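> These protein sequences, in sequence, are chains Z and P. For the first sequence, the UniProt record's numbering begins at 485 and goes up steadily by one. For the second sequence, the UniProt record's numbering begins at 486 and goes up steadily by one. Using N, Cα and C, we set each Cβ at its ideal position, and we do this for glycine too.
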Amino acid sequence: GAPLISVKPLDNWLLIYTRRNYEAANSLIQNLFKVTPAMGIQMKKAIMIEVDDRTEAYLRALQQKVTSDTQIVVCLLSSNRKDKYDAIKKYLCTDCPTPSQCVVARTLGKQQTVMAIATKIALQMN
Amino acid sequence: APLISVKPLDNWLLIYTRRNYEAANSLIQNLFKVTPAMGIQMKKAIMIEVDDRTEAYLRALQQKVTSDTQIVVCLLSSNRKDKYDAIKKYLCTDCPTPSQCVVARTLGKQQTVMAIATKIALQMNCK
């Protein structure tokens, strides 16, 4: 036979992060692996993009890596630094057609933060 | 004391223009119908009538969106690209509260209603 239960594969997506948060990025992938089956989603590993911690490096990585095939984009930020956050958000929102979201590394400890992120992804996949 | 847990949706905004006053009322009623199956207990939206121009939508947003606002829904007279794009962009850059735009025309389907409610159930779990 072959599966009967609907899943949605999340196989092509970007996680853009800065070296200081290398391990909070890895943990996020694992955690999302845990909560994602309950939501009808089958996850592959994110395409991971390490950038210098500056606005412009995030934006470059965006212009170079986002494709037709990219399903979701997640920008992990070192900090809730208003200007950096606002300038990435503005660009994703005007220039990036691919659904996206920003996350501040700090909040990542919490399992409610993880759930919210996955929820937003489930949402963007429709 | 009532044992089944429900997510109350008691503070939220519907911004619409006078021409779609009734399509707006209907949308509330219909959402009342399909929302209990999703674990949500709905109150009526705070309804905000605005003139049919981009800027009027944006003023309403700046004035009425609060810490308490759970969801924002902008119902548009038309799929007019510029108006739709400008409102979408602004919500997306300047409005932290989760939101969506709906074109009145499409409200004439129970699949449209389901999609909006689905999106809301989803937005009720976000940071």
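Identify, in the order they occur along the chain, each residue of the same chain with its Cβ nearer than 7 Å to the Cβ of Z/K568, setting aside the five sequence neighbours on each side.
Taken in chain order, the residues that qualify are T539, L561.
> Which residue's Cα is closest to the Cα of Z/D536: Z/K566, Z/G524, Z/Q526, Z/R504?
Ranking Z/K566, Z/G524, Z/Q526, Z/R504 by Cα distance to Z/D536 puts Z/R504 first.
> Please list, in chain order, the chain Z residues whose beta carbon lies closer than 7 Å to that of P/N610.
Chain Z residues near P/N610: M599, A600, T603.
> If you check the beta carbons only, do P/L494 and P/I556 fall under 8 Å apart?
The answer is yes: Cβ separation under 8 Å.
> Tell me the DSSP bridge mates of P/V491?
BP columns for P/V491 are empty, so no partner.
> Going straight from the alpha carbon of Z/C559 to that of P/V491, what length do you get?
Using only the alpha carbons, I get a separation of about 32 Å.
> Given a cut-off of 8 Å, decide if P/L498 and P/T554 are closer than it, judged by their beta-carbon atoms.
In contact: P/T554 and P/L498 (Cβ atoms closer than 8 Å).
> Can you give me the C-alpha to C-alpha distance between P/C586 and Z/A508, rounded to a whole angstrom?
Distance between the alpha carbons of P/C586 and Z/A508: 34 Å.
> For P/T582 and Z/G485, what's the separation of their Cα atoms in angstroms?
Taking the straight line from one Cα to the other gives about 45 Å.
> When you compare each of Z/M523, Z/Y575, Z/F517, Z/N515 to Z/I489 by their alpha carbons, which one comes out closest?
Out of Z/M523, Z/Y575, Z/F517, Z/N515, Z/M523 has the C-alpha closest to the C-alpha of Z/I489.
> Roughly how many angstroms lie between the CA atoms of P/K529 and P/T520, to the nearest whole one?
In a straight line, the C-alpha of P/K529 is about 12 Å away from that of P/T520.
> Going along the chain, which unbroken runs of the alpha helix (DSSP H) with 4 or more residues stay wholly within the region 566-595 of chain P?
Counting whole runs of 4 or more residues, the region 566-595 of chain P contains the alpha helix (DSSP H) stretches 566-579.
> Please state the DSSP three-state secondary structure of Z/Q526.
If DSSP states are grouped into helix, strand and coil, Z/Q526 belongs with the strands.
> One question on the structure: do P/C577 and Z/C577 come within less than 8 Å of each other, judged by their Cβ atoms?
For P/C577 and Z/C577, yes; Cβs fall inside 8 Å.
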